[PDB]
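Here's a solo chain for you in C-alpha cells, the form deposited in one PDB entry.
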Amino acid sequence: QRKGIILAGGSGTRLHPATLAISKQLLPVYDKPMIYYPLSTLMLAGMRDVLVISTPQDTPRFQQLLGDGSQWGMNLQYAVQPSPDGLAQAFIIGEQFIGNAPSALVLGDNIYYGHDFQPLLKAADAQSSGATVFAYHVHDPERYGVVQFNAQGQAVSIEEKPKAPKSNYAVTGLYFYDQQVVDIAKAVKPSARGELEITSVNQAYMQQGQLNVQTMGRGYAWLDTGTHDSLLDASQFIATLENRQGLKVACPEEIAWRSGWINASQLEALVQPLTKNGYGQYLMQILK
C-alpha cells in the first residue's frame, strides 16, 4: 500500500503579521486548519500512513493539532526539515518511512476540490509503475510550471514559468511515485535556486518515459493560498460550496467514516466536542 507525505514549508513573511502568530499551514481556511485540506487529499486517495515534514519551529505545532491520527483510523508520523533545501529532500528524510512502498507527496498549502477528485486519485494510485503529476488548466500558463503531455497522458516536457508555454496545464503540488523515487531524489543536484527541486525528480521519470499526467479541468478547483486576498477568497470558496451544496471539503472525520476506517460509534465520539458549530452538526446529520 502507498504511503503519503505532506511537506509543510516555511511560511515566509508574505502573510505577516497574521503569520507572526501561527504558521501559514495552520491558518484557518473557512472553518478548518489549512493542513486538513492536503491531508484529506491523501486520505481520499486511500492512504492511512502519512508523514508530516515541516520546519523545526512548526513540526510540534502540527503534532499538537493532529496527534497520531488514530482518531481517524490513521497512522501519522512527523519529521523535520532543518533547512529549506528543496522539495526533493522530503524523500530523503522520509526514506525510512517510505521503505519499499509506493509513495505520494502533497504540498502543505495545496487545496483541491472536485466531484470526481477521488476517482482521479484512485486511478493514479492504481498505476503499477512510474510517476504521476497533477495538472490544472489555467488561463495564464506563464505564471506556473507548465507540463506538456501526449494524447495518452504521458508527459513530454516540463517548463518552469515558460515565456512561451507549451500547454495550458500547470503542475500542482501533488505527486505519486513508485519505489524508485527515494533513489532518484538522492541523485538530484542543487538547482540555480540552491535547492533540490521536485522538477528534477519528475524530469528523471519523464526522461525514462514513465511520467504520467492527470488533468484537472472542468469541475475542479485549485485554490491560491499565497496572499491575504487569495486566502480570504479560498475561505469564501469553501464556505459557498459547503453551505450551498450540503457537503464538507476536507473533513477527515467524514472521509475516515465513509472509507470504513472508523465505525459510527467512533465518529459519534469525535463529534461531541464539535456539537457547537456546523462542522459537528454536519457529522451528526450523516450519523442519522
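Rigid core here is just the name for the largest C-alpha set that superposes within 1.5 Å across the two forms. The first residue of the sequence shown is number 1, and the count goes up from there.
Not on display, but discussed next: the form solved in complex with a small molecule.
A single residue from the set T199, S167, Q81, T132 has any heavy atom within 4.5 angstroms of the small molecule in the entry with it bound; that residue is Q81. Among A104, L87, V171, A155, the residue placing a heavy atom within 4.5 Å of the small molecule in the entry with it bound is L87.
With the small molecule omitted here, the record of contacts in the entry with it bound names 104-112 of 178-186, 203-211, 104-112, 145-153, defined by a heavy atom within 4.5 Å. With a 4.5 Å cutoff on heavy atoms, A8 counts as touching the small molecule in the entry with it bound. In the entry with it bound, none of the heavy atoms of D125 sits within 4.5 Å of a heavy atom of the small molecule. Proximity of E159 to the small molecule in the entry with it bound falls outside the 4.5 Å heavy atom cutoff. Not displayed here, the small molecule is kept clear of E95 by more than 4.5 Å at the level of heavy atoms in the entry with it bound. Considering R143, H115, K186, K122, one residue stands apart with a C-alpha shift of at least 2 Å between the shown form and the other one following superposition on the core, and it is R143. After superposition on the rigid core, the Cα of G73 moves by less than 2 Å between the shown form and the other one. Positional change of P165 between the shown form and the other one reaches 2 Å or more at the C-alpha, relative to the superposed core.
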